[PDB]
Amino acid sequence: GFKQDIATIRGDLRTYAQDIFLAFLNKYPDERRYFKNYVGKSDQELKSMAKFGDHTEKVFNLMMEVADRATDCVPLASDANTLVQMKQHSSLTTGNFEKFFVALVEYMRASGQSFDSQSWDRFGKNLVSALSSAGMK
């Protein structure tokens, strides 16, 4: 279930973080413009940049802590507010996060592993709800 999926991802956070982030950018290439240093870079060039690895690891570590603090896939309002108030997210809208979650759930369904994809979809929906309540446009 969702708890085990958190353990799966955390066990190999590097690999899942890089693979899901790349899935997101591949599915929604226009999103790459927010990441000015990843423009024009192959997947291996990205994996060569210590800074890409560090970014993805920190994003997915935070995502897993938010997921783990959720109850029944309902995140804490305080965690949504962290995400809204981060300077790195200041021009984003909830549609950016929706797309992130569509890509993550599609990755899980395509992986041929037994992720609880329905629960990640619901967590994403509830997180998007919470982001909007905490002031994201």
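Sequential numbering from 1, following the sequence displayed.
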Which of 84-92 and 103-111 has higher mean CA B factor, as the PDB entry lists it: 84-92
Comparing 93-101 with 41-49, the one whose average Cα B-factor in the PDB entry is higher: 41-49
Options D79, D68, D72, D30 - largest CA temperature factor per the record: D30
Relative C-alpha B-factor of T15, binned into the chain's lowest, middle or highest third: highest
